[PDB]
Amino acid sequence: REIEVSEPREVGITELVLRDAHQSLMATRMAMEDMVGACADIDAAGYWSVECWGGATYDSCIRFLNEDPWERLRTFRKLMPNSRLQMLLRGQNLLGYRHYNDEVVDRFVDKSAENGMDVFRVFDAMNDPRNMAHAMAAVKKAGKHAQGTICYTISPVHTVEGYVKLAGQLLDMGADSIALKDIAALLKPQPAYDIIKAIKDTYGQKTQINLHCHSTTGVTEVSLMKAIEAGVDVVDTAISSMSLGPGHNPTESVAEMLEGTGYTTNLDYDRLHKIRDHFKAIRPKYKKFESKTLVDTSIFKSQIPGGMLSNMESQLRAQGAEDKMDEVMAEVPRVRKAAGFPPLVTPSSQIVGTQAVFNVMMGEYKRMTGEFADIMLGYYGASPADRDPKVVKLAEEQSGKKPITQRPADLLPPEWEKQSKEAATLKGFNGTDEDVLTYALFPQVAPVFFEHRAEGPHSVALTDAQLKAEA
């Protein structure tokens, strides 16, 4: 047999240690003083982009580190002046708990670019191209790199056709590149290869594509090799001393494997070696936050992310009937289908999970949560497939809400001023739109943070004194 592979070329690499790595391995608890020491080396490493913001870091900065995310960004911008900063943004949900009016989005993106962010990976938990439409436009306006995301998953209705169709929409709404986000490491080799190849084949070699695979299942570094053969443009990795497990593949490993393949990743190996040693010395101080598993191929059978899994397990233990776990494992599939097969990521995974528990407890949809009902009624957006009209009807009947199918942000009122007004009454507020955004995104935290921020950022990691006095 013959396998057509892409021509010899440089592959781009995106380092994730400053954001997704620690968010995935140590609950986003990584402190800023523990990171800044590797910025210079990271800046000189030779990465295509450096993901250092977005995701749960915004929340973890104000909720657990008494740190100002905007200060973290302004510092990274200053310490890595030659690098393309990158961040994760959940579209019309920004980094918040709900959707927001376009005003908010415009201001957020506006302030993010103004403070130095270069690449914005905009994504949506249900893959609704509409919820990414505005953010994408806000980034293009700001003259920044827009990156439309596709949340990869395995389901009866997800196919290469379906992902190419999605790639066309991301592009049509003016995406400067397409990012394939595989957070559960469900992206197998052949599929990774075909999907990448199909996109490039349909829209053209010029179509820029970035592959973001985690290594929870342990098969994605091979997918990264295939992806590169299909001709992918960039692949995300994490410095070896902060990889594997629910983390990602190792940068040095991924750069080393290419030797002699005709492909190459122009990265300074010595720079990388310094970065590795850096976090290798810091990582033990975060053991109270490490996950205890390195490989888990279970989701290939269950389709249930381990995180989601336990989140229900303990959810059942609280009712002692936590022995029906086996029944729940069988209910999820059925609940997901009812919801139109949405990727199982936050919040779809936690929503679908809980609802699956109620069903295995109080009968099939005899009771639904506010969220589940809102997902069935379409207040989060359109599902990859059609939702069980039966259940949709029931939702509207149980809650009392109106079933909608248009961008959930269309029927949202201007809320900026209102946010500004309320934020200008919290002790500690500084008057910037930044502090306003923090209140609009985290209304429950903004108060306590604004009052303590003057104390300076802290850390919840063990001190070198504690590592000692223990081991």
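Throughout, we count residues from 1 along the sequence that is shown.
S.K.: 382 to 390 versus 285 to 293: which one carries the higher mean Cα B factor per the record?
M.R.: Taking the mean C-alpha B-factor of 285 to 293 and of 382 to 390, the larger value falls to 382 to 390.
S.K.: Using only the Cα atoms and their B-factors as the entry lists them, report which of 361 to 369 and 181 to 189 averages higher.
M.R.: Higher mean C-alpha B-factor in the PDB entry: 361 to 369.
S.K.: Would you mind finding, among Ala44, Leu412, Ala38, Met32, the residue with the largest C-alpha temperature factor in the entry?
M.R.: The listed residue with the largest C-alpha B-factor is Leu412.
S.K.: Which one of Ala167, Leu224, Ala330, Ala338 shows the top CA temperature factor in the record?
M.R.: It is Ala330.
S.K.: Please say which third, lowest, middle or highest, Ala255 falls into when its CA temperature factor is compared across its chain.
M.R.: Its C-alpha B-factor belongs to the lowest third of this chain's values.
S.K.: Taking the chain's C-alpha temperature factors as the reference, tell me which third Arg453 falls into: lowest, middle or highest.
M.R.: It belongs to the middle third of the chain when residues are ordered by C-alpha B-factor.
S.K.: Using the temperature factors of the C-alpha atoms in this entry, rank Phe120 within its chain: lowest, middle or highest third.
M.R.: Ranked within chain, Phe120 CA B lands in the lowest tercile.
S.K.: With respect to C-alpha B-factor, does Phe76 fall in the lowest, middle or highest third of the chain as deposited?
M.R.: It belongs to the lowest third of the chain when residues are ordered by C-alpha B-factor.
S.K.: Rank-wise, by C-alpha B-factor, drop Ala137 into the lowest, middle or highest third of its chain.
M.R.: Its C-alpha B-factor belongs to the middle third of this chain's values.
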